[PDB]
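These notes concern the structure reproduced below.
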Amino acid sequence: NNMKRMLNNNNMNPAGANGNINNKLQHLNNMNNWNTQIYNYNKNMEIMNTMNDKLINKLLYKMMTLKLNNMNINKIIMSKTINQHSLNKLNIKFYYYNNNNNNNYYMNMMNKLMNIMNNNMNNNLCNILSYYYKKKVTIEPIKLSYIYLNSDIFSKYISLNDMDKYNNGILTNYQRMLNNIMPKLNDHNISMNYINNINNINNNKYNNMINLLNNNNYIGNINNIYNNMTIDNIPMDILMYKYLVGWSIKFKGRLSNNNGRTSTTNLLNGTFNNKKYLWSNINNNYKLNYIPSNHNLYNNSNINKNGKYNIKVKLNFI
Amino acid sequence: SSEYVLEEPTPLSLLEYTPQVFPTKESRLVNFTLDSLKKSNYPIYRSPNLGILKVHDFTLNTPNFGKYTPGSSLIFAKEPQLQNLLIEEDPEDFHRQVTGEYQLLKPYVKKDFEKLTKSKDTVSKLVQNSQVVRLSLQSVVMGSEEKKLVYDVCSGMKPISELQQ
Amino acid sequence: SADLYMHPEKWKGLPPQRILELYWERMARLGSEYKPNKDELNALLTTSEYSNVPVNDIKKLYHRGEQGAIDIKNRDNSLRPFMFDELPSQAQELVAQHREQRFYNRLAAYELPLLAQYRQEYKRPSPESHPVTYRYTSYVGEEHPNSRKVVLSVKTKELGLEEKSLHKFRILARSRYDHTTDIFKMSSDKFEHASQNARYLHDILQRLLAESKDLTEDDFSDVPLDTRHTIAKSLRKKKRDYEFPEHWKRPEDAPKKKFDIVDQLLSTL
Amino acid sequence: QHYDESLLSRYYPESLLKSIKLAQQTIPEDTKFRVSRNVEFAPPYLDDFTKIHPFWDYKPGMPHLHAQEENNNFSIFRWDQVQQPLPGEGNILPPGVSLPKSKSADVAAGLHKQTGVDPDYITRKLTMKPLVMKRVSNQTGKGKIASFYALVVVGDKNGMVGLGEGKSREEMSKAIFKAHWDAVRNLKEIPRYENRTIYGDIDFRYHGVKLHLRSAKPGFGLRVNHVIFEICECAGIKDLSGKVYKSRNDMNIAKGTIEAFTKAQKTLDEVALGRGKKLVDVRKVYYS
Amino acid sequence: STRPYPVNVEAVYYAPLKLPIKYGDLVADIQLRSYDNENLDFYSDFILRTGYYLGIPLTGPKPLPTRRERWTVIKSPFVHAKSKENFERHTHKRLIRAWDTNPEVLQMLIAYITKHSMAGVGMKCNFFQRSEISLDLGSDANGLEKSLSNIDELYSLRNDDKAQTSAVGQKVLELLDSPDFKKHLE
Amino acid sequence: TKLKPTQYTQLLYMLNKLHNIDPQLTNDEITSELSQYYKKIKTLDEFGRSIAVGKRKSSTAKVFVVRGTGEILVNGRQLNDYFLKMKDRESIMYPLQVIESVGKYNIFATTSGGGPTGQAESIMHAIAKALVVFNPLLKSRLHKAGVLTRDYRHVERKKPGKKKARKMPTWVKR
Amino acid sequence: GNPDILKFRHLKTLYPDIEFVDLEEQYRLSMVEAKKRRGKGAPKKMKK
RNA sequence: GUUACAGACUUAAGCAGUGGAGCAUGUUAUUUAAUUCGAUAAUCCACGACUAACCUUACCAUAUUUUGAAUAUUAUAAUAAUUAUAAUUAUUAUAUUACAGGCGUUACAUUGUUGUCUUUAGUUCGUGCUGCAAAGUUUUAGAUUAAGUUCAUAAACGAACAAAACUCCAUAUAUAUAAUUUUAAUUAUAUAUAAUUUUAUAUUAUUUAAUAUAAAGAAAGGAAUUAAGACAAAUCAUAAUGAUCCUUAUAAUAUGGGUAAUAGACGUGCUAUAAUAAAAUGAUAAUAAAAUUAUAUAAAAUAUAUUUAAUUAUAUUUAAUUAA
Ligand SMILES: [Mg+2]
Ligand SMILES: [Mg+2]
Ligand SMILES: [Mg+2]
Ligand SMILES: [Mg+2]
Ligand SMILES: [Mg+2]
Ligand SMILES: [Mg+2]
Ligand SMILES: [Mg+2]
Ligand SMILES: [Mg+2]
Ligand SMILES: [Mg+2]
Ligand SMILES: [Mg+2]
Ligand SMILES: [Mg+2]
Ligand SMILES: [Mg+2]
Ligand SMILES: [Mg+2]
Ligand SMILES: [Mg+2]
Ligand SMILES: [Mg+2]
Ligand SMILES: [Mg+2]
Ligand SMILES: [Mg+2]
Ligand SMILES: [Mg+2]
Ligand SMILES: [Mg+2]
Ligand SMILES: [Mg+2]
Ligand SMILES: [Mg+2]
Ligand SMILES: [Mg+2]
Ligand SMILES: [Mg+2]
Ligand SMILES: [Mg+2]
Ligand SMILES: [Mg+2]
Ligand SMILES: [Mg+2]
């Protein structure tokens with residue numbers, strides 16, 4: 001009975017079995033729903049800060065496009081920035097995409113731009129930002145190797161770069177490429193496997209606790225509780241979102257030269273329901289109380305010769 | 001895959017991060033010093049200017065930075081180096097912050113009022129008015145000289161014209 | 001040393017990777033104010049055996065950056081299929097959170113024990129000598145205009161006064177003196193700085209005390225204590241003054257200690 | 001658990017030893033250590049935090065929130081490659097997946113799964129030919145919904161031939177793939193005299209189309225409707241004369257002609273067996 | 001498995017320890033506001049941990065009630081005023097209270113907290129100074145000198161073994177040391 | 001996913017019948033096959049009174065019920081002084097009235113929040129829970145009476161377009 | 001807001017090395033050029 | 001301008017209203033120098049507009065601005081910061097064109113968003129199979145559910161966007177925390193668990209499903225989410241953009257006026273037409289919740305209206321707190 005009581009007291013684990021919690025690798029922090037991660041007691045000041053942040057975003061966007069002697073215009077796509085306002089310091093951060101060992105000996109335009117953000121001793125952009133906020137700023141770029149890992153980048157890139165593929169109408173090859181980004185992953189299978197792994201982990205911890213046990217609720221030493229639990233085994237299995245299960249991309253507006261009317265054109269793949277939440281302890285959560293956590297929706301509206309158009313993107317991520 | 005280089009925490013590293021308002025006398029002096037450094041435009045919150053970059057040594061802290069009424073655009077004035085940098089460190093500011101010295105204005109005496117106006121009751125009324133003004137102006141925050149000027153204007157010792165300048 | 005990139009003359013004897021790193025640093029630090037160097041070029045030429053590049057080609061690249069590279073030499077690979085070697089946005093955010101957590105755990109483990117060096121036992125000022133409590137407020141990241149607010153607060157019986165003088169002091173205080181709790185407090189926000197405000201409050205207190213201790217042709221023996229503000233405050237709040245009747249209690253009906261024999265046997269200590 | 005200094009030094013580095021000692025001094029031996037259920041400070045796995053991980057901790061020289069470095073110093077001056085790649089095994093492949101003429105090979109593989117057919121044969125010996133390639137539509141409440149219709153003869157050029165049709169709302173490549181698949185599912189051994197022409201002069205009706213296909217002397221080529229020709233090329237018929245009457249609907253020609261080949265033809269040997277007689281080919285006997 | 005995990009690691013893995021309160025001399029209370037929980041709770045836990053190492057008796061995250069700033073808005077850009085959408089914002093509030101500490105230790109704690117602060121969390125501190133009734137800022141120069149000496153004692157490098165150093169702090173110390181600074185008052 | 005209800009019912013039937021074999025005659029093999037398909041107390045205080053907290057609408061009622069002769073004190077004053085409506089008093093009594101124990105138990109109620117009728121209801125609810133501790137056999141009876149059920153009826157919020165919860169503003173066809 | 005905020009003009013001042021492109025401005029210029037071409041350019045402003 | 005069923009605030013009961021009165025507000029019409037513009041069947045009419053004195057405003061009268069709010073190009077000159085009396089830069093001034101600017105016109109060029117059908121149950125895709133085929137089946141015999149919702153039967157088997165579920169509020173329980181003076185522990189808030197409830201006896205219809213009874217439970221709601229298509233539904237007056245038109249004027253500033261005009265008409269409301277209903281009074285102050293207070297919330301108390309005083313309204317003056 002004492003042993004049972006002790007177990008009950010200590011019974012905690014990663015959520016997702018059928019005494020458990022959603023770990024920081026199993027769900028998003030609701031702070032990562034907003035883009036200006038701040039609280040100030042004077043609300044005027046907070047408003048001023050969020051205005052500043054918004055203005056900086058525009059500036060960053062402007063910077064992101066470079067030129068090379070009027071020969072090549074490499075348009076680096078960037079995500080919407082997320083500004084982390086700690087008491088000590090601001091930290092701006094964004095995800096970005098850029099399209100033999102010969103380039104160890106010259107600085108690329110993108111590289112130069114990235115260096116400008118933090119490395120130029122006095123001259124750097126972070127230093128200049130610090131005057132607007134009255135605290136040390138740190139811009140961290142994060143490179144994405146694919147166009148479709150971030151939703152904003154995906155939508156933005158299509159808006160800016162791939163004009164010719166959809167201006168008259170969506171070219172067949174381009175559409176095919178869009179369709180067959182991902183390899184049609186059995187999302188049901190993956191979620192189920194993840195759940196099984198979580199169950200196994202829980203059993204392992206429970207087994208360890210039992211072994212230790214053979215009015216105070218202290219078990220044995222840490223090494224014996226977490227016997228088989230390590231950095232190599234657990235973290236990557238527990239990591240929640242990893243697999244772009246399903247995605248929808250919508251082109252809309254005057255994307256037809258002959259026609260005067262508009263054209264809604266939608267590409268759909270995979271699925272947008274998540275089966276990890278359907279049969280387990282882990283529950284779905286809503287970002288800004290209206291977007292299922294796993295979803296991420298975005299649009300970007302470039303102007304054409306004919307007029308305005310936009311490109312919705314929506315990915316699922318198991 | 002490398003060893004964690006443990007840099008030991010120290011009071012010196014936690015200096016700057018000390019609360020701006022803390023009861024202690026020692027802390028107050030430190031806070032004042034920090035404020036003076038900030039006023040001087042010392043590299044706090046930012047990387048310093050040394051003798052490496054020559055052309056691009058720019059700053060934004062000019063006499064009227066985040067302000068509209070002075071007609072200009074963003075002025076990129078050159079910063080000094082860490083050498084050849086002065087600190088303002090004014091006495092009045094020190095008196096305000098470190099000690100708790102305050103001016104309180106001066107109450108206008110009846111004799112001064114008699115110098116201008118003749119009748120006694122009128123003088124007494126003027127004195128009363130000046131007294132009323134004084135406490136209100138103490139309560140309000142404006143500026144040492146400007147506030148005094150306002151107080152004088154309200155009293156009638158100075159005319160209205162001295163405000164509009 | 002740290003200041004190594006700035007001196008291209010020194011680094012010829014270093015390994016090739018290190019030289020490359022220094023070159024990259026140099027390019028970074030002085031971005032627009034970069035100006036080529038002979039020693040640096042020589043180093044770069046020496047390194048060339050590391051990463052497969054000819055001697056003329058490296059020199060050409062050094063002279064002309066991206067244009068040179070172009071001259072030496074593409075298809076769009078934006079929607080190339082997923083090779084499963086990079087986490088998505090949400091995933092990456094979750095990883096970052098986990099990194100942060102780990103960092104904080106590390107801090108807790110190895111820096112907070114170090115911090116326990118700087119540790120002092122409490123040196124209490126006695127309530128008899130130190131009755132007044134100047135509370136200061138500070139907003140950390142912000143610059144609130146309430147940071148200037150300081151609040152003095154004292155129990156009136158703890159002040160060194162005779163009984164007549166105490167009453168006079170209380171009368172002078174008016175709304176500031178509560179009578180249920182024998183407490184007098186006052187806050188000042190009139191001045192720019194907090195310290196100033198505290199000083200002003202102190203001066204006021206001193207003046208009040210001086211007035212209380214006067215007694216020369218001004219006693220205030222026959223002005224009863226005005227407690228209207230306190231009753232108004234009490235009305236605003238709610239009260240839970242009522243209690244369970246003591247004669248309604250039944251200790252005999254309470255549950256007696258039930259005899260547990262195995263527990264008794266166990267307790268051999 | 002209060003360990004000795006020497007033991008700690010053996011397992012832990014020299015920097016953290018002092019911190020450990022301090023922790024031991026501060027925290028008593030008799031300690032309860034509660035389990036915080038409502039909030040989790042530490043991770044779900046055991047880890048002595050002495051070793052900084054490449055992926056799971058922050059990259060040292062990279063700037064971020066919680067940098068713990070100076071504004072000048074950030075050791076990260078190339079942004080071409082990714083900073084923190086994935087740990088241990090480079091991939092994050094699920095169970096039972098793999099990394100990326102090709103279409104024909106994929107078809108063959110799919111057939112092998114579904115119906116046990118030899119993939120290598122499908123890839124090599126079978127050669128396909130589209131006969132009809134319509135765009136086709138349905139009036140739905142949504143609107144007119146278009147659909148790409150293919151009709152694709154496949155055939156090893158040794159009397160083994162199959163027709164197949166397929167359909168996709170998405171672009172025609174998919175429809176053609178489906179048609180090819182269907183064709184390989186429906187492979188069919190046509191009989192043919194001397195491995196070059198049909199046996200008798202056949203005259204066959206399939207729905208609308210009235211077919212007439214005469215046999216041919218060797219060298220006289222394929223002299224028939226373009227659909228018929230296409231089918232013959234795949235099915236190994238070198239010599240054929242013939243003419244289509246009534247409907248000349250391409251699809252129905254394609255369907256009708258393979259039916260005629262399989263059904264209207266009788267091999268000489270079969271006829272001989274049925275009748276109980278010798279059925280000699282005079283030219284062969286002569287030796288031309 | 002012959003791997004000695006010392007006590008600090010164990011403490012990290014378990015809930016945070018709290019020192020008992022000898023006397024109820026509330027020295028400081030720290031309120032933590034944020035627009036969500038997860039970060040805030042973590043930060044509070046971290047604050048508690050660092051407070052433990054020091055002699056002080058920090059109580060713990062007493063949740064003060066969450067606010068709710070509501071705002072309603074017509075969904076459309078033009079008319080359709082019958083359709084309206086709500087919006088809300090919850091200011092989550094937690095309280096820490098330090099109970100027995102010599103001011104310097106408290107300052108250090110607070111400074112440490114603000115150094116390693118988290119993203120979403122704002123902070124406010126109410127410090128309490130039990131002073132005597134009568135005070136004097138007349139005997140001044142000597143008191144200033146004493147304060148400077150105390151500061152010097154506080155910020156002394158005991159052993160330069162690659163410890164954490166701050167340039168701004170060093171500058172401040174240098175300024176405090178200088179003759180000009182001493183002169184200021186008189 | 002291919003499992004149907006009918007199949008499951010059949011399986012259950014098969015198992016149940018097997019299980020029903022008289023335990024003495026049962027086999028090891030049968031039991032092995034079937035193996036697959038298996039799978040705080042309230043007390044009085046130091047002073048002998050049962051505390052209980054009841055709620056209704058916005059009201060909350062912490063009630064100390066004790067064995068002394070039946071007198072009432074609501075919120076530090078007499079029952080008729082606090083609850084003016086006789087209905088509220090009757091409601092309060094009802095837990096003691098379903099049992100034959102009005103007059104047996106002294107009750108010291110302490111309410112907060114809501115209005116009078118809701119407060120009275122919350123007190124009643126608390127009293128029933130308090131009574132349940134004195135004799136657990138009556139708990140079922142109290143539940144049947146409808147006193148042990150926490151009355152959930154919660155005030156509906158004003159929705160945007162509507163005037164009140166349900167009351168919409170007038171419609172106009174023309 | 002804070003009127004002294006970084007603009008595209010400055011992104012040339014701070015970083016001359018990087019040939020930046022303001023996209024909206026470029027678009028506007030292209031539109032103006034197109035207008036000029038097809039006889040829909042702005043009329044020349046009166047001075048007097 | 002068809003057939004058959006099923007549904008609910010559809011109808012029927014019922015309770016309270018509108019339609020009559022006066023006022024408020026929106027609309028119309030007409031007026032006006034201007035009564036700014038749009039919304040105008042359900043799906044406009046306290047709607048856009050969560051406050052029209054000036055402003056806001058877009059309208060009108062009279063005045064006066066003309067590279068103007070930007071970006072770039074080309075020149076003269078002046079001031080300030082930095083360096084070791086010169087120079088580099090940053091700015092300002094005067095000009096110089098391209099232009100800037102436009103609540104001007106077209107949501108029948110667009111974006112995004114929204115209304116109505118609609119929380120209605122529909123909308124489709126694979127591989128197989130049927131038909132020469134467009135297509136069909138899947139997506140339905142018959143029933144059932146709130147429901148393409150489960151049964152069943154079926155050339156189908158799976159799968160997607162919807163439905164349901166996860167979500168939020170509220171509820172019950174547990175744990176943690178709060179030195180029970182920031183206390184309301186009768187609380188607040190993080191983390192769990194809990195139900196789309198379960199079990200059994202009977203009575204009708206065919207192993208199940210509805211009724212009833214019983215015993216076990218705190219166990220009973222609301223919110224968000226409103227698919228595809230359609231209505232060339234609404235919006236160029238949130239904002240942006242295409243085309244087009246204005247450029248000493250259709251752009252910009254000030255002073256006043258207007259948006260508040262009034263024959264009839266139309267919605268929404270408010271106050272009424274008195275006794276199952278109105279008014280005075282009720283200080284050991286009968287009983288709430290939710291939310292706001294550094295562009296503030298304003299307590300006590302004095303004075304006048306007012307011979308006592310209370311009430312109500314102002315003034316006097318700011319105690320306390322930027323807040324469990
Ligand atoms: Mg067929
Ligand atoms: Mg009716
Ligand atoms: Mg009428
Ligand atoms: Mg009427
Ligand atoms: Mg109108
Ligand atoms: Mg219209
Ligand atoms: Mg209305
Ligand atoms: Mg005007
Ligand atoms: Mg206009
Ligand atoms: Mg224009
Ligand atoms: Mg539209
Ligand atoms: Mg149907
Ligand atoms: Mg169908
Ligand atoms: Mg209490
Ligand atoms: Mg739903
Ligand atoms: Mg729809
Ligand atoms: Mg329309
Ligand atoms: Mg229309
Ligand atoms: Mg337009
Ligand atoms: Mg218009
Ligand atoms: Mg506009
Ligand atoms: Mg005009
Ligand atoms: Mg109006
Ligand atoms: Mg009446
Ligand atoms: Mg009352
Ligand atoms: Mg009052």
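Going through the structure tokens in order, the chains are called A, B, and so on, while each chain numbers its residues from 1 and the ligands are numbered from 1 in the order shown.
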
Requested in this report: Determine which residues of stretch 74-216 of chain A receive a DSSP assignment of alpha helix (DSSP H), computed from the backbone, and state them as an NGL selection string.
Outcome: :A and (109-118 or 125-133 or 151-160 or 163-166 or 172-179 or 187-213)

Requested in this report: Within 12 Å of ligand 21, which residues show up when you count only C-alpha atoms (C1' of nucleotides) and all ligand atoms? List them as a VMD selection string, please.
Outcome: chain H and resid 101 to 104 236 to 241

At a cut-off of 12 Å, can you tabulate as a Markdown table every residue of chain H near ligand 13 together with its closest atom pair and the distance in Å to one decimal, using only C-alpha atoms (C1' of nucleotides) and all ligand atoms and ordering rows by chain then number?
```
| residue | atom | partner | partner_atom_place_in_ligand_line | distance |
| --- | --- | --- | --- | --- |
| H:123 | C1' | ligand 13 | 1 (Mg) | 11.5 |
| H:124 | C1' | ligand 13 | 1 (Mg) | 9.8 |
| H:135 | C1' | ligand 13 | 1 (Mg) | 9.2 |
| H:136 | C1' | ligand 13 | 1 (Mg) | 6.7 |
| H:137 | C1' | ligand 13 | 1 (Mg) | 7.4 |
| H:138 | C1' | ligand 13 | 1 (Mg) | 7.9 |
| H:139 | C1' | ligand 13 | 1 (Mg) | 5.9 |
| H:140 | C1' | ligand 13 | 1 (Mg) | 11.3 |
| H:148 | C1' | ligand 13 | 1 (Mg) | 11.8 |
```

Expected file: the selected residues, N, CA, C and O atoms (P, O5', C5', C4', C3', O3' and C1' of nucleotides), as a PDB file, in the first residue's frame:
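Output contents, as saved in out01.pdb:
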```pdb
ATOM      1  P     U H 123     -23.882  16.749 -52.427  1.00  0.00           P
ATOM      2  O5'   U H 123     -22.408  17.272 -52.124  1.00  0.00           O
ATOM      3  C5'   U H 123     -22.040  18.653 -52.300  1.00  0.00           C
ATOM      4  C4'   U H 123     -20.538  18.798 -52.294  1.00  0.00           C
ATOM      5  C3'   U H 123     -19.785  17.808 -53.158  1.00  0.00           C
ATOM      6  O3'   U H 123     -19.999  18.046 -54.536  1.00  0.00           O
ATOM      7  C1'   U H 123     -18.689  17.983 -51.096  1.00  0.00           C
ATOM      8  P     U H 124     -19.602  16.914 -55.594  1.00  0.00           P
ATOM      9  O5'   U H 124     -17.994  16.909 -55.480  1.00  0.00           O
ATOM     10  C5'   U H 124     -17.167  15.855 -56.041  1.00  0.00           C
ATOM     11  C4'   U H 124     -15.906  15.682 -55.243  1.00  0.00           C
ATOM     12  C3'   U H 124     -15.032  14.601 -55.838  1.00  0.00           C
ATOM     13  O3'   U H 124     -14.225  15.045 -56.919  1.00  0.00           O
ATOM     14  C1'   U H 124     -15.080  14.506 -53.428  1.00  0.00           C
ATOM     15  P     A H 135     -17.370  12.012 -67.604  1.00  0.00           P
ATOM     16  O5'   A H 135     -18.882  11.832 -67.138  1.00  0.00           O
ATOM     17  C5'   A H 135     -19.228  11.170 -65.904  1.00  0.00           C
ATOM     18  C4'   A H 135     -20.440  10.289 -66.099  1.00  0.00           C
ATOM     19  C3'   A H 135     -20.817   9.442 -64.888  1.00  0.00           C
ATOM     20  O3'   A H 135     -21.666  10.164 -64.001  1.00  0.00           O
ATOM     21  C1'   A H 135     -20.566   8.034 -66.755  1.00  0.00           C
ATOM     22  P     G H 136     -21.483  10.019 -62.416  1.00  0.00           P
ATOM     23  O5'   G H 136     -21.910   8.509 -62.150  1.00  0.00           O
ATOM     24  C5'   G H 136     -23.265   8.098 -62.388  1.00  0.00           C
ATOM     25  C4'   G H 136     -23.391   6.601 -62.297  1.00  0.00           C
ATOM     26  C3'   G H 136     -23.032   5.973 -60.962  1.00  0.00           C
ATOM     27  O3'   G H 136     -24.059   6.158 -59.993  1.00  0.00           O
ATOM     28  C1'   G H 136     -22.083   4.707 -62.709  1.00  0.00           C
ATOM     29  P     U H 137     -23.682   6.445 -58.460  1.00  0.00           P
ATOM     30  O5'   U H 137     -23.115   5.042 -57.964  1.00  0.00           O
ATOM     31  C5'   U H 137     -23.931   3.856 -58.012  1.00  0.00           C
ATOM     32  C4'   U H 137     -23.086   2.621 -57.813  1.00  0.00           C
ATOM     33  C3'   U H 137     -22.336   2.524 -56.494  1.00  0.00           C
ATOM     34  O3'   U H 137     -23.185   2.053 -55.448  1.00  0.00           O
ATOM     35  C1'   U H 137     -20.897   1.928 -58.289  1.00  0.00           C
ATOM     36  P     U H 138     -23.582   3.020 -54.227  1.00  0.00           P
ATOM     37  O5'   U H 138     -22.200   3.220 -53.460  1.00  0.00           O
ATOM     38  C5'   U H 138     -21.638   2.173 -52.652  1.00  0.00           C
ATOM     39  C4'   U H 138     -20.139   2.330 -52.540  1.00  0.00           C
ATOM     40  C3'   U H 138     -19.662   3.508 -51.707  1.00  0.00           C
ATOM     41  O3'   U H 138     -19.716   3.195 -50.317  1.00  0.00           O
ATOM     42  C1'   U H 138     -18.413   3.396 -53.719  1.00  0.00           C
ATOM     43  P     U H 139     -20.139   4.314 -49.249  1.00  0.00           P
ATOM     44  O5'   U H 139     -21.289   5.126 -49.995  1.00  0.00           O
ATOM     45  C5'   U H 139     -22.264   5.878 -49.253  1.00  0.00           C
ATOM     46  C4'   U H 139     -22.789   7.031 -50.076  1.00  0.00           C
ATOM     47  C3'   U H 139     -23.612   6.658 -51.309  1.00  0.00           C
ATOM     48  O3'   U H 139     -24.784   7.463 -51.412  1.00  0.00           O
ATOM     49  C1'   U H 139     -21.829   8.073 -51.937  1.00  0.00           C
ATOM     50  P     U H 140     -26.138   7.008 -50.688  1.00  0.00           P
ATOM     51  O5'   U H 140     -26.323   5.507 -51.190  1.00  0.00           O
ATOM     52  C5'   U H 140     -26.930   5.188 -52.458  1.00  0.00           C
ATOM     53  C4'   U H 140     -27.953   4.095 -52.269  1.00  0.00           C
ATOM     54  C3'   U H 140     -29.094   4.422 -51.310  1.00  0.00           C
ATOM     55  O3'   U H 140     -30.414   4.116 -51.786  1.00  0.00           O
ATOM     56  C1'   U H 140     -27.699   2.705 -50.391  1.00  0.00           C
ATOM     57  P     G H 148     -27.740  12.076 -42.753  1.00  0.00           P
ATOM     58  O5'   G H 148     -26.434  11.252 -43.134  1.00  0.00           O
ATOM     59  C5'   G H 148     -25.726  11.530 -44.350  1.00  0.00           C
ATOM     60  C4'   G H 148     -24.454  10.723 -44.398  1.00  0.00           C
ATOM     61  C3'   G H 148     -23.206  11.418 -43.870  1.00  0.00           C
ATOM     62  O3'   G H 148     -22.858  10.782 -42.645  1.00  0.00           O
ATOM     63  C1'   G H 148     -22.825  10.355 -46.012  1.00  0.00           C
TER      64        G H 148
END
```

Do you know which residues are at most 6 Å from stretch 44-48 of chain D counting only C-alpha atoms (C1' of nucleotides), after dropping those on the same chain fewer than 6 positions away, and could you put them as a CSV table (one decimal) with N, CA, C and O atoms, in the first residue's frame?
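Dumped to out_32.csv:
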```csv
chain,number,residue,atom,x,y,z
A,226,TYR,N,15.7,6.5,-14.1
A,226,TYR,CA,15.9,6.7,-15.6
A,226,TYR,C,17.0,5.8,-16.1
A,226,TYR,O,18.1,6.3,-16.5
A,229,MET,N,16.7,5.6,-20.0
A,229,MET,CA,16.3,6.8,-20.6
A,229,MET,C,17.5,7.7,-20.8
A,229,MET,O,18.2,8.0,-19.9
A,230,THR,N,17.6,8.2,-22.0
A,230,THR,CA,18.8,9.0,-22.5
A,230,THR,C,18.5,10.0,-23.5
A,230,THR,O,17.3,10.1,-24.0
```

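Counting only C-alpha atoms (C1' of nucleotides), stretch 28-31 of chain G has the following residues at most 10 Å away, ignoring those fewer than 5 positions along the same chain: residues 305 of chain A; 23, 36, 37 and 41 of chain G; 71, 72, 98 and 99 of chain H.
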
**Report entry** Selection within 9 Å of ligand 22 by only C-alpha atoms (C1' of nucleotides) and all ligand atoms, output as number ranges by chain
**Finding:** H: 249-252

Requested in this report: Between A:242, A:165, A:58, A:4, single out the one closest to chain C, counting only C-alpha atoms.
Outcome: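 That would be A:242, the residue with the smallest distance to chain C.
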
Query raised in the report: Residues within 12 Å of ligand 24 (only C-alpha atoms (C1' of nucleotides) and all ligand atoms), as number ranges by chain?
Result: H: 272-275, 277-279

Report task. Find the residues near residue E:174: any atom within 12 Å, counting only C-alpha atoms (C1' of nucleotides), skip ones fewer than 3 places away on the same chain, and give them as a PyMOL selection string. Result -> (chain B and resi 30+33-34+37) or (chain E and resi 148+151-152+155+167-171+177-182)

Query - Check: which chain H residues lie within 7 Å of chain E using only C-alpha atoms (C1' of nucleotides), as a list in words - result: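 So the residues of chain H near chain E are residues 39, 47, 48, 113, 114, 115, 177, 178, 188, 189, 235, 238 and 324 of chain H.
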
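Closest approach to chain E among B:132, B:74, B:55, B:14 is made by B:14 (distances from only C-alpha atoms).
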
Chain A near ligand 11 within 12 Å: what's each residue's closest atom pair and its distance in Å to one decimal, counting only C-alpha atoms and all ligand atoms, ordered by chain then ascending residue number, as JSON lines?
```
{"residue": "A:252", "atom": "CA", "partner": "ligand 11", "partner_atom_place_in_ligand_line": "1 (Mg)", "distance": 10.6}
{"residue": "A:253", "atom": "CA", "partner": "ligand 11", "partner_atom_place_in_ligand_line": "1 (Mg)", "distance": 9.4}
{"residue": "A:254", "atom": "CA", "partner": "ligand 11", "partner_atom_place_in_ligand_line": "1 (Mg)", "distance": 11.8}
{"residue": "A:261", "atom": "CA", "partner": "ligand 11", "partner_atom_place_in_ligand_line": "1 (Mg)", "distance": 11.6}
{"residue": "A:262", "atom": "CA", "partner": "ligand 11", "partner_atom_place_in_ligand_line": "1 (Mg)", "distance": 9.8}
{"residue": "A:263", "atom": "CA", "partner": "ligand 11", "partner_atom_place_in_ligand_line": "1 (Mg)", "distance": 11.9}
{"residue": "A:264", "atom": "CA", "partner": "ligand 11", "partner_atom_place_in_ligand_line": "1 (Mg)", "distance": 11.6}
{"residue": "A:308", "atom": "CA", "partner": "ligand 11", "partner_atom_place_in_ligand_line": "1 (Mg)", "distance": 11.3}
{"residue": "A:309", "atom": "CA", "partner": "ligand 11", "partner_atom_place_in_ligand_line": "1 (Mg)", "distance": 11.2}
```
